[PDB]
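Colleague: Once you've had a glance at the structure underneath, I'll fire off some questions.
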Amino acid sequence: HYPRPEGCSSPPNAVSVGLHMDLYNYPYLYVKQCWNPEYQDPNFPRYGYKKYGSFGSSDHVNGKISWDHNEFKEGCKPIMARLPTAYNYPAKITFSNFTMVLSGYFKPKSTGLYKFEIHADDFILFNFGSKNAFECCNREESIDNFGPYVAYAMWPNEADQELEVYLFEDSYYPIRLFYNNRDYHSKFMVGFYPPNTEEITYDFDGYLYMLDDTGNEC
Ligand SMILES: CC(=O)N[C@@H]1[C@@H](O[C@@H]2O[C@H](CO)[C@H](O)[C@H](O)[C@H]2O)[C@H](O)[C@@H](CO)O[C@H]1O
Ligand SMILES: [Ca+2]
Ligand SMILES: [Ca+2]
Ligand SMILES: [Cl-]
Numbered sequence: 045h046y047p048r049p050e051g052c053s054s055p056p057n058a059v060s061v062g063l064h065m066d067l068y069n070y071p072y073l074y075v076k108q109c110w111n112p113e114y115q116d117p118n119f120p121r122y123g124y125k126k127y128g129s130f131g132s133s134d135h136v137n138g139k140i141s142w143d144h145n146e147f148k149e150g151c152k153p154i155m156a157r158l159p160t161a162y163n164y165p166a167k168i169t170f171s172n173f174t175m176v177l178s179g180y181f182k183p184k185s186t187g188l189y190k191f192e193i194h195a196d197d198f199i200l201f202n203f204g205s206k207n208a209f210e211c212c213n214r215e216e217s218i219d220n221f222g223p224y225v226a227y228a229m230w231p232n233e234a235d236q237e238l239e240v241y242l243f244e245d246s247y248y249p250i251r252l253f254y255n256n257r258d259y260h261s262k263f264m265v266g267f268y269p270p271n272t273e274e275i276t277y278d279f280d281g282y283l284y285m286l287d288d289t290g291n292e293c
């Protein structure tokens with residue numbers, strides 16, 4: 045059968061809307108290969124990604140969280156631009172070169188099979204489930220204790236991926252999205268097909284949530 049990941053329960057008053065975001069610096073080797112190949116090291120997603128420090132965070136990240144910026148005209152240099160309004164983050168970022176971690180919970184609107192689809196420039200990792208993304212109600216502490224990727228998308232050669240999970244309406248599923256841009260254009264597209272649906276959506280409104288971190292499977 046299809047994969048059936050593990051989820052979490054919580055009283056509605058311990059639940060709030062949307063994901064948490066952390067933004068981390070990702071420098072060029074030099075500013076006018109110019110780009111840093113570090114993002115390719117296997118230890119980068121687990122510990123290396125924090126080594127240039129962070130620069131911002133947000134909460135309640137909900138709705139239309141994908142983007143495709145291919146309008147930039149210059150490579151090998153930092154370009155300032157804004158995230159979608161879904162991110163509740165007002166400052167411009169070095170959209171040319173940065174790392175982001177989005178985490179929290181995905182709650183399906185009905186029981187059944189969900190297909191996710193990702194498209195990356197440069198790099199997207201997808202962890203999903205309480206035995207794959209992070210522990211129920213213990214997100215801060217366990218965020219980098221993720222398991223083998225549910226999907227691994229990397230530009231140019233493996234930039235498109237998909238994956239299928241059978242989900243239950245009553246459950247909040249730990250979800251962890253890792254994104255990196257090494258240089259220039261940036262694509263973070265994460266979409267899904269709910270059950271019996273042939274048309275993809277990139278709008279997560281009503282699917283994304285955060286449970287309080289009380290260490291006890293809630
Ligand atoms: C080093 C550099 O800037 N090379 C250029 C290409 O840059 C890459 O662009 C792809 C998208 O096509 C990715 O975003 C990748 O992360 C970038 O390093 C770029 O496509 C072309 C367009 O002029 O110029 C190359 O020199
Ligand atoms: Ca944070
Ligand atoms: Ca890029
Ligand atoms: Cl799981």
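Taking the authors' numbering, I'd label the letters of the sequence shown as residues 45 to 76, 108 to 293.
Just so you know, even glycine gets a beta-carbon here, dropped at the ideal spot from N, CA and C.
#1: Within the chosen definition, does the stretch 55 to 63 reach the stretch 229 to 246 through at least 3 CB pairs nearer than 8 Å?
#2: What span of residues does the alpha helix (DSSP H) with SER217 cover, start to end?
#3: Should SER171 and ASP258 be called a contact, given that it needs their Cβ atoms to be closer than 8 Å?
#4: In the structure shown, what three-state DSSP assignment does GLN108 receive?
#5: Going straight from the alpha carbon of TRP142 to that of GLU274, what length do you get?
#6: Determine, using beta-carbon pairs with one atom in the stretch 173 to 187 and one in the stretch 249 to 267, whether at least three such pairs fall under 8 Å.
#7: Is the separation between the beta-carbon of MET264 and that of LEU63 shorter than 8 Å?
#8: Could you spell out where the beta strand (DSSP E) holding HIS194 opens and where it closes?
#9: Roughly how far, in whole angstroms, is the beta-carbon of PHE203 from the beta-carbon of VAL225, given that I think they are within contact range, below 8 Å?
#10: Starting from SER178, follow the beta strand (DSSP E) in both directions and report where the run begins and ends.
#11: How many angstroms separate the CA atom of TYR248 from the CA atom of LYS206?
#12: Sorry if obvious, but does the Cβ on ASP66 come closer than 7 Å to a heavy atom of ligand 2?
#13: Do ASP280 and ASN137 come within 8 Å of each other at the CB atom, strictly closer than that value?
#14: Where do the N-terminal and C-terminal ends of the beta strand (DSSP E) with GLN236 fall, by residue?
#15: When the distance is taken between beta carbons, is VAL240 closer than 8 Å to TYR122?
#16: In chain order, what residues have a CB nearer than 6 Å to some heavy atom of ligand 4?
#17: By a C-beta neighbour count over all protein chains shown, 10 Å radius and 16 as the cutoff for buried, is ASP196 buried or exposed?
#18: Confirm, please, whether the CB-CB distance from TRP110 to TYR68 is below 8 Å.
#19: Can you tell me which of the three DSSP states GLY131 falls into?
#20: Sort out for me which residues DSSP pairs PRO249 with in a bridge.
#21: Using only the alpha-carbon positions, how far apart do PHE201 and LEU177 sit?
#22: For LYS126, count the other beta carbons within 10 Å of its own beta carbon; 16 or more makes it buried, fewer makes it exposed. Which is it?
#23: What does the Cβ neighbour count give for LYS182, buried or exposed, with the cut at 16 atoms within 10 Å?
Modeller: According to the data block:
#1: Between the stretch 55 to 63 and the stretch 229 to 246 there are fewer than three inter-stretch CB-CB distances shorter than 8 Å, so the stretches are not counted as touching.
#2: Where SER217 is concerned, the enclosing alpha helix (DSSP H) stretches over 214 to 217.
#3: Yes; because the gap between Cβ atoms is below 8 Å, this pair is in contact.
#4: Coil, per DSSP.
#5: Taking the straight line from one Cα to the other gives about 18 Å.
#6: Contact between the stretch 173 to 187 and the stretch 249 to 267 is present, because at least three Cβ pairs lie under 8 Å.
#7: It is not a contact, given that the beta carbons lie outside the stated cut-off.
#8: Residues 187 to 196.
#9: At roughly 5 Å, the Cβ-Cβ gap stays under 8 Å, so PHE203 and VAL225 are in contact.
#10: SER178 -> beta strand (DSSP E) spans 173 to 181.
#11: Cα-Cα distance, rounded: 10 Å.
#12: The nearest non-hydrogen atom of ligand 2 is less than 7 Å from the C-beta of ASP66.
#13: By the CB criterion at 8 Å, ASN137 and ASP280 fall inside the cutoff.
#14: Unbroken beta strand (DSSP E) run through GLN236: 235 to 242.
#15: It is not a contact, given that the beta carbons lie outside the stated cut-off.
#16: Here the residues come out as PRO49, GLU50, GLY204, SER205, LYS206 and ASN207.
#17: Note on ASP196: 16 or more other CB atoms within 10 angstroms of its CB, so buried under the neighbour-count rule.
#18: In this structure, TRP110 does not lie closer than 8 Å to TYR68 by Cβ.
#19: In the three-state reduction of the DSSP assignment, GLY131 falls in the strand class, which pools E and B.
#20: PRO249 pairs with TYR180.
#21: About 10 Å.
#22: With a threshold of 16 other beta carbon atoms within 10 Å, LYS126 falls short and is exposed.
#23: Sixteen is the threshold: when 16 or more other Cβ atoms of the shown chains lie within 10 Å of the Cβ of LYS182, as they do, the residue is buried.
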